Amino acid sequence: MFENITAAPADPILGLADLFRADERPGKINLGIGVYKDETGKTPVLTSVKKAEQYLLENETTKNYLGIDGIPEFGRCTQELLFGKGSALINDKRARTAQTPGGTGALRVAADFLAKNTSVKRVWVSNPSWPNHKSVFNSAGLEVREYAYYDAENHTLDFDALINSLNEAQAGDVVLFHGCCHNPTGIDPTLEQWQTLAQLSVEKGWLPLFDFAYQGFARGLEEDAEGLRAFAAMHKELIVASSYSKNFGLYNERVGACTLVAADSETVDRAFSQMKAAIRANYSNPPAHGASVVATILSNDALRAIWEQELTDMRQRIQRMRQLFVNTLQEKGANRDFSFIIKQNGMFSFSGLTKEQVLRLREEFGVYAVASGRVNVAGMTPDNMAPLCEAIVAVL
């Protein structure tokens, strides 16, 4: 049965990780990482998370299955984060949330749900996007088409090209939007650009799918949800796939949510029964530990305050590194404009380096980025900034 199976493509990131590990130079710096790292180069368990885990160890009396949609309190806290406390969508019971194994799990549940229960055949994704978006949608039998996004000259959002690309989308296609901290570019629509897109989406009959993996990493929890909320004010229907992997440092516990919105309670409940059926046929019901930690924190004033500050600390360190990176490049004689780095949001930016400059950086200097030139600014520290920038200058 298996004798003729073709191997899956490697698999950079791991290929990159492995090369990085093997490298014996002093010296070496990994900007190809996917996770947050603090100033010491560590990805620690958040203090709010450790405190919550201690409470659960003391208080849990069973591991009996969660419902298919997971912990009720998790769903309620999630909807408040997404839509705002006192949202009409919440008041009118137009939203249903399933706790899922991570953001990826939420995307796959949305995809299986749409493929099985609707006429959706196609999902529109930005060029560029997270490479796994295509894999997820294709796995559910959905075609993926790309829309223009990145202006490689100004390092900004090519808004005209975006709108023009999307005119090819038909009524009933899904359009995927990154809620904030666009991956890989860090370029997000302004609120006014979000509002323009919300109106266009209504007129064109698109089903919005928000991917919200970085809430809190751009400006703050509420501000990062402005775009989503602009859409939610205008649309009868939408889906949100959110993730707590980065903003709770809960990567490996697989903590996400798929939130389904419909015109009214009756309709969302009926549609959600089929979303639950898609979950049941996949992993049955979701992993408790990570989501219970999230619900415990979000629903407790003391823990929530500690967590909000820890998230602020991450957002602030990232922004400080963006600033230090631009200043240091200027100081090491880059002599070209990297100011775009300050205005971009979250962990990731395109450096503007070519694929060959990236290969040179790795081979000659032991500085590792993704082949596209995407760098994780949380791999930068005050201590590694100077040699990092000296290397970059050397390949320009």
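Heads up: residue numbers just count along the shown sequence, starting at 1.
Trainee: Given the B-factors recorded for C-alpha atoms, which segment has the greater mean, 366-374 or 341-349?
Mentor: 366-374 has the higher mean C-alpha B-factor.
Trainee: Which wins on mean Cα temperature factor, 103-111 or 198-206?
Mentor: Of 198-206 and 103-111, the stretch with the higher C-alpha B-factor average is 198-206.
Trainee: Among the choices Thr328, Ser48, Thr43, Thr61, identify the one whose CA B-factor in the record is greatest.
Mentor: The listed residue with the largest C-alpha B-factor is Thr328.
Trainee: Just to confirm, going by the entry's C-alpha B-factors, which of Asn252, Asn154, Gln309, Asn300 comes out highest?
Mentor: Highest C-alpha B-factor among the listed residues goes to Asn154.
Trainee: Within this chain's modelled residues, let me know which third the CA B factor of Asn138 belongs to: lowest, middle or highest.
Mentor: Its C-alpha B-factor, which the entry lists for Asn138, ranks in the middle third among residues of this chain.
Trainee: Would the CA B-factor of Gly32 place it in the lowest, middle or highest third of its chain?
Mentor: For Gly32, whose C-alpha B-factor we compare with every modelled residue in the chain, the answer is the middle third.
Trainee: Based on the entry's values, in what third of the chain does the Cα temperature factor of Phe74 lie: lowest, middle or highest?
Mentor: Answer is lowest: the recorded C-alpha B-factor places it there.
Trainee: Within this chain, which third does the Cα B-factor at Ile68 fall in: lowest, middle or highest?
Mentor: Within its chain, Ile68 is a lowest-third residue by C-alpha B-factor, going by the deposited values.
Trainee: Taking the entry's C-alpha B-factors for this chain, is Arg94 in the lowest, middle or highest third?
Mentor: Middle third by C-alpha B-factor.
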